[PDB]
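Visitor: Dropping the structure in here first, questions after.
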There are 2 protein chains.
Amino acid sequence: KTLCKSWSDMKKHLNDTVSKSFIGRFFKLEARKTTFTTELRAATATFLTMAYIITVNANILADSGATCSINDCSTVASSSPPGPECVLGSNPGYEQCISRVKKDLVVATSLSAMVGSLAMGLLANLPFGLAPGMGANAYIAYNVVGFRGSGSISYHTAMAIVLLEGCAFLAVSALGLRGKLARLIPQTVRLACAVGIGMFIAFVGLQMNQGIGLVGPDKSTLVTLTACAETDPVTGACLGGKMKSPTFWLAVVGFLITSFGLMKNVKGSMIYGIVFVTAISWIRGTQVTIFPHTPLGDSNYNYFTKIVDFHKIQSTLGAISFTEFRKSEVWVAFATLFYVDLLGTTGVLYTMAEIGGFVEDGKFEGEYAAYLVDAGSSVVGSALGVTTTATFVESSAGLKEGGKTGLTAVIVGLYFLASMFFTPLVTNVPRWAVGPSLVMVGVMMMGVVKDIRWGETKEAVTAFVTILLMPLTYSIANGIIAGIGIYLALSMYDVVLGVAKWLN
Amino acid sequence: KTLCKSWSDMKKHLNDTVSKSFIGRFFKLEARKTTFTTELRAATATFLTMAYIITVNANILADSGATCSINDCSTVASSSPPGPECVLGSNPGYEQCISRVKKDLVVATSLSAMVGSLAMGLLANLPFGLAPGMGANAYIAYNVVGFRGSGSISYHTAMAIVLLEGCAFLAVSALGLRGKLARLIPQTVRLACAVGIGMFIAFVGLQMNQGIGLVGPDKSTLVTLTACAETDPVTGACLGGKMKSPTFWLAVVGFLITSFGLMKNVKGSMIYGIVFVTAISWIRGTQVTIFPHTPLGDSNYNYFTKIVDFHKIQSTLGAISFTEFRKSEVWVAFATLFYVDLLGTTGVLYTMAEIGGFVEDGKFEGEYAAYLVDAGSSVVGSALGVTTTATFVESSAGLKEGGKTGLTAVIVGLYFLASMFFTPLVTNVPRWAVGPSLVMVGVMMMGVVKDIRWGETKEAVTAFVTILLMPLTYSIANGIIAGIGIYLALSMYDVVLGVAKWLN
Ligand SMILES: Nc1ncnc2[nH]cnc12
Ligand SMILES: Nc1ncnc2[nH]cnc12
């Protein structure tokens with residue numbers, strides 16, 4: 001009929017008047033042959049494969065106990081609450097503190113993914129998006145700061161490391177010291193570190209108080225399968241009954257329809273696994289509720305019955321303190337976070353330049369203004385309370401549908417503006433819904449393990465120690481250090497002595 | 001000179017009179033073109049790459065607490081010793097029991113690797129050797145029986161599972177039900193199960209009471225790096241001082257010269273890593289001694305000062321009890337050990353037949369009499385107290401030097417006879433010397449991970465859950481079950497319903 005004919009000739013005309021206006025001259029839409037309409041399809045598919053890190057990042061930096069401390073705890077029958085009693089849960093005053101910080105990290109992630117993505121398109125003309133990157137969320141929140149105020153480094157110092165690393169990554173890039181520096185790292189340590197982070201981030205998404213709750217303590221094997229139904233109220237311990245938890249099996253169904261959606265190539269599928277096992281866990285009354293009948297849960301439901309809200313940052317705003325940079329374990333956390341960002345935004349940003357055909361004999365057309373926008377956005381992301389940004393590989397779903405200019409990245413920046421207003425629906429995602437989303441990240445990073453040269457022995461001993469010691473010793477710093485230490489001693493003690501025997 | 005000329009013409013004549021005697025007619029040395037001398041070189045290189053499993057198997061089945069029970073414990077100030085006080089160490093009576101069982105498992109491994117290897121050559125004419133296979137040592141000793149009498153299944157029942165699995169693997173092979181049965185298992189579950197066993201067997205060789213002592217307990221992260229120097233006398237706990245254990249750093253030096261020996265292609269190298277960090281840990285006086293000044297250690301040194309001994313099996317001889325086969329977790333241990341032997345001796349025994357050129361369009365010349373000798377040897381190995389046998393992949397070092405007949409496997413059977421008489425030197429290998437040997441096994445099994453199809457999603461979700469849940473939940477049964485359960489639900493719920501929609 002002429003109904004679709006009246007629909008098709010308008011899209012032949014709306015794509016002309018955009019290119020005949022001024023906005024086609026800035027983004028250069030005449031060359032880089034494309035139209036206005038197929039840029040909008042390139043940014044819709046980029047956002048849906050990227051919309052999961054708006055909730056994963058909030059539910060993983062609220063476990064850090066961001067600004068809640070011992071002073072704003074509750075009052076009990078004693079004269080004063082002691083040290084470790086408040087920060088392990090079951091409190092009227094501390095749990096209402098941490099419900100006002102997760103509302104300040106959903107807004108602070110959209111405002112960090114706006115500025116990173118909206119400044120990528122306007123300054124570099126490149127079709128990809130930015131957000132706080134996955135992989136360095138778990139290093140700061142679980143290994144530097146730790147689960148609810150553990151560890152040694154406070155959260156105010158951890159947001160000062162991101163500034164001083166962010167300013168160290170502009171002025172190692174503006175001088176030209178990148179190809180001199182990144183090629184110094186060998187291929188096997190660079191490639192096996194991305195596998196071990198994928199196994200650390202999935203062992204996070206299995207524990208009792210972190211994600212679903214499979215693994216647990218044991219007094220002779222040091223880890224065992226619990227999955228227990230009736231557990232301890234105060235702490236997490238198995239009282240009895242294995243594999244019959246209604247919060248465990250509802251999370252497995254979310255893990256299947258995420259994986260049954262990735263095959264058959266549904267673009268956004270990790271967002272539909274989160275929405276399905278959340279929309280069951282909102283009905284009051286069941287055993288899988290996030291809304292119980294406690295006074296600690298009536299305040300979340302009375303905020304849920306309104307579906308939109310304009311919420312402002314008020315707790316985890318600019319909070320920096322350089323008054324702790326004169327001890328030892330601050331700089332070790334500095335040299336680790338400088339290491340994992342140098343290898344994250346180097347192998348990705350050039351690989352996403354050869355898809356779509358930007359590249360010539362080196363030096364694609366947005367080289368110099370993409371290393372700095374990816375670096376300055378960690379500085380503006382550190383004042384707002386979140387971690388470093390990274391150019392996402394999910395942005396490839398927009399490279400395979402015809403996005404080639406910077407109008408892709410501006411529209412991606414405008415869905416994050418249209419998703420900070422839905423704050424009452426995003427703070428209320430349960431921690432067993434975000435569990436399988438931390439496991440499918442580990443599936444997609446282990447897919448690079450078929451490029452490690454397992455033929456030679458020195459390349460396989462170095463790659464095995466780095467992969468193994470990251471999820472076991474519960475440390476990312478103990479896999480980077482114990483990989484370089486094996487790679488030198490197997491190599492320096494015969495080759496370097498042999499070169500120094502012949503160079504003189 | 002004529003000195004080597006007088007050496008070379010004798011080896012031209014000694015190789016003739018062996019082939020002109022009757023012993024060249026049985027093994028058929030005229031065809032399969034080879035001589036007597038280069039068979040002896042093929043069996044020397046086969047033994048040295050196989051001599052490590054004479055000490056690893058004894059030091060991993062003595063941690064099981066094989067026949068030592070609560071009745072032959074010591075006597076203390078109380079009227080009777082309680083249950084868990086004896087079996088956790090620090091006892092005059094229980095520790096002298098377990099020093100008489102490790103002397104009955106060094107002899108029982110050589111007598112099991114004799115009969116398996118000496119009957120492979122005489123009945124099948126194939127050049128490889130047999131011993132109790134690595135991979136099923138840790139399943140029985142740490143996961144069925146457990147560390148020193150833990151768990152539910154006693155050791156007398158675990159040696160009855162090996163009989164009833166051994167007799168079930170003759171009469172699934174003699175009827176012809178192997179190609180019908182083994183091809184039913186898909187490729188990804190078959191291939192990823194061999195990677196997760198390699199990561200379970202290496203997490204064993206890092207713990208505080210098992211191997212060296214890196215990982216340890218923690219009350220908030222459930223695993224942490226201890227490596228602590230001054231520990232608890234009774235139990236294992238970190239009192240203070242990280243990374244300064246003299247038993248930790250002596251084990252790292254053994255891990256380097258094992259790995260520095262595998263590259264540059266030294267044939268036996270895992271045996272020279274064990275001998276070097278043992279021969280330092282025999283000098284009385286140091287901090288790394290295996291011979292302290294206790295009465296529990298004077299009895300090991302007074303047995304060490306003699307260097308040869310004829311020792312007889314007296315504790316872990318024929319000990320079978322079918323009086324526990326009417327409960328649940330016995331058969332689950334049966335179907336796991338039947339699973340891992342079906343996939344171990346199928347992908348190996350055909351791969352070791354295409355090297356050396358035995359094969360034609362299927363059906364190499366020792367098909368039917370090698371599935372049964374590999375199966376009947378687990379029956380005769382179960383009466384003597386050790387686990388199932390397997391055709392070793394280290395036997396390939398003899399396939400690449402010209403071994404093609406059964407005289408290779410007979411001579412391998414005669415080095416194990418000449419290494420049961422050195423029992424006082426083999427019981428005295430410390431548990432931190434056997435530690436890195438359990439880690440280089442995990443390096444050599446992870447080298448098959450570059451053949452898993454990480455392209456498709458169903459092949460990568462199934463392979464990731466199987467690899468991850470074996471070293472974490474400390475279970476081999478929880479990786480086989482949780483791999484099939486993901487592989488059906490991603491596949492049966494759309495394909496099988498679609499086939500049943502079209503078949504009718
Ligand atoms: N840190 C990161 N770098 C690149 N792509 C990512 N996708 C998710 N996290 C990422
Ligand atoms: N179980 C096993 N099967 C084959 N080769 C092996 N090498 C060591 N253990 C083995």
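Each chain of the structure tokens is named A, B, ... in the order shown, its residues numbered from 1; ligands are numbered from 1 in display order.
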Show me, as a tab-separated table, the residues of chain A having an atom within 8 Å of ligand 1, each with the closest atom pair and its distance in Å, using only C-alpha atoms and all ligand atoms.
Guide:
residue	atom	partner	partner_atom_place_in_ligand_line	distance
A:132	CA	ligand 1	1 (N)	7.5
A:133	CA	ligand 1	1 (N)	3.9
A:134	CA	ligand 1	9 (N)	3.6
A:135	CA	ligand 1	1 (N)	5.3
A:136	CA	ligand 1	1 (N)	6.8
A:341	CA	ligand 1	1 (N)	7.8
A:344	CA	ligand 1	3 (N)	5.4
A:345	CA	ligand 1	3 (N)	6.5
A:348	CA	ligand 1	4 (C)	6.4
A:389	CA	ligand 1	1 (N)	7.2
A:390	CA	ligand 1	3 (N)	4.8
A:391	CA	ligand 1	4 (C)	5.1
A:392	CA	ligand 1	5 (N)	3.5
A:393	CA	ligand 1	5 (N)	4.5
A:394	CA	ligand 1	7 (N)	6.4
A:441	CA	ligand 1	8 (C)	7.8
Visitor: Give me, as a VMD selection string, the residues of chain A touching chain B, with the criterion being at most 8 Å (counting only C-alpha atoms).
Guide: chain A and resid 199 215 to 217 221 to 225 256 259 to 260 262 to 263 443 447 449 to 451 454 to 458 460 to 461 464 468 472 to 474 489 to 490
Visitor: Would you mind listing what lies within 10 Å of residue 398 of chain B as a ChimeraX atom specification, with only C-alpha atoms counted and same-chain residues fewer than 2 positions away left out?
Guide: /B:38-47,49,127-129,356,394-396,400-404,408-409
Visitor: What is the distance, in Å and to one decimal place, between atom CA of residue 172 of chain A and atom CA of residue 374 of chain A?
Guide: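 Going from atom CA of residue 172 of chain A over to atom CA of residue 374 of chain A covers 12.9 Å.
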Visitor: Using only C-alpha atoms, determine which residues lie at most 7 Å from residue 241 of chain B, disregarding the query and same-chain residues fewer than 3 positions distant; provide the list as a VMD selection string.
Guide: chain B and resid 228 to 230 244
Visitor: Could you pull out all residues of segment 23-184 of chain B with a DSSP call of helix (DSSP H, G or I) and give them as an NGL selection string?
Guide: :B and (23-26 or 37-48 or 58-61 or 83-86 or 94-98 or 103-124 or 137-144 or 155-170 or 179-182)
Visitor: Just the residues within 12 Å of residue 368 of chain B, please, counting only C-alpha atoms, with nothing from its chain fewer than 2 positions along; format it as an MDAnalysis selection string.
Guide: chainID B and resid 120 123:126 170 173:176 178 349 363:366 370:375
Visitor: Restricting the calculation to only C-alpha atoms and all ligand atoms, which member of B:91, B:346, B:428, B:323 is positioned closest to ligand 2?
Guide: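 Nearest candidate to ligand 2 out of B:91, B:346, B:428, B:323: B:346.
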Visitor: When you draw a straight line from atom CA of residue 105 of chain A to atom CA of residue 434 of chain A, how long is it in Å?
Guide: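 Distance reported for this atom pair: 15.4 Å.
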Visitor: Hey, can you check how far atom CA of residue 312 of chain B sits from atom CA of residue 420 of chain B?
Guide: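 It comes out at 10.1 Å.
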Visitor: What lies within 10 Å of residue 414 of chain B using only C-alpha atoms, ignoring chain neighbours under 3 positions off, as a list in words?
Guide: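 That gives residues 43, 47, 110, 113, 114, 117, 118, 409, 410, 411, 417, 418 and 419 of chain B.
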Visitor: If you keep C-alpha atoms, can you produce a file of those selected residues as an mmCIF file, in the first residue's frame?
Guide:
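Okay, result-v9.cif is ready:
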data_model
loop_
_atom_site.group_PDB
_atom_site.id
_atom_site.type_symbol
_atom_site.label_atom_id
_atom_site.label_comp_id
_atom_site.auth_asym_id
_atom_site.auth_seq_id
_atom_site.Cartn_x
_atom_site.Cartn_y
_atom_site.Cartn_z
ATOM 1 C CA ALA B 43 62.355 -46.696 27.426
ATOM 2 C CA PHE B 47 60.752 -43.550 32.439
ATOM 3 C CA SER B 110 55.665 -49.488 41.829
ATOM 4 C CA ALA B 113 53.009 -49.577 37.546
ATOM 5 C CA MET B 114 54.914 -52.816 36.999
ATOM 6 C CA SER B 117 53.259 -51.723 31.984
ATOM 7 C CA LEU B 118 54.645 -55.264 31.840
ATOM 8 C CA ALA B 409 57.034 -51.204 27.730
ATOM 9 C CA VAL B 410 58.768 -54.201 29.321
ATOM 10 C CA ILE B 411 61.929 -52.214 30.106
ATOM 11 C CA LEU B 417 61.070 -52.916 39.872
ATOM 12 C CA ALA B 418 64.476 -51.285 40.322
ATOM 13 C CA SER B 419 62.889 -48.338 42.160
#
Visitor: When distances are computed from only C-alpha atoms, which of B:322, B:291, B:422, B:169 shows the smallest separation from residue 154 of chain B?
Guide: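 Once distances to residue 154 of chain B are computed over only C-alpha atoms, the minimum belongs to B:322.
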Visitor: Report as a PDB file with N, CA and C atoms, in the first residue's frame all protein, DNA and RNA residues lying within 8 Å of residue 304 of chain B, evaluated on only C-alpha atoms, omitting residues in the same chain fewer than 3 positions from it.
Guide:
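Dumped everything to around-v4.pdb:
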ATOM      1  N   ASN B 300      62.245 -41.239  61.550  1.00  0.00           N
ATOM      2  CA  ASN B 300      62.434 -41.131  60.110  1.00  0.00           C
ATOM      3  C   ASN B 300      63.904 -41.051  59.734  1.00  0.00           C
ATOM      4  N   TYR B 301      64.726 -40.401  60.556  1.00  0.00           N
ATOM      5  CA  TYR B 301      66.143 -40.319  60.239  1.00  0.00           C
ATOM      6  C   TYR B 301      66.859 -41.634  60.493  1.00  0.00           C
ATOM      7  N   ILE B 307      70.134 -46.837  52.988  1.00  0.00           N
ATOM      8  CA  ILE B 307      69.691 -46.271  51.719  1.00  0.00           C
ATOM      9  C   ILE B 307      68.925 -47.255  50.852  1.00  0.00           C
ATOM     10  N   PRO B 424      63.663 -46.185  51.358  1.00  0.00           N
ATOM     11  CA  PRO B 424      64.026 -45.176  52.371  1.00  0.00           C
ATOM     12  C   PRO B 424      64.387 -43.798  51.829  1.00  0.00           C
ATOM     13  N   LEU B 425      64.585 -43.629  50.527  1.00  0.00           N
ATOM     14  CA  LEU B 425      64.865 -42.316  49.966  1.00  0.00           C
ATOM     15  C   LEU B 425      63.631 -41.631  49.402  1.00  0.00           C
ATOM     16  N   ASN B 428      60.844 -40.008  52.343  1.00  0.00           N
ATOM     17  CA  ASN B 428      61.358 -38.777  52.967  1.00  0.00           C
ATOM     18  C   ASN B 428      61.432 -37.509  52.073  1.00  0.00           C
TER      19      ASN B 428
END
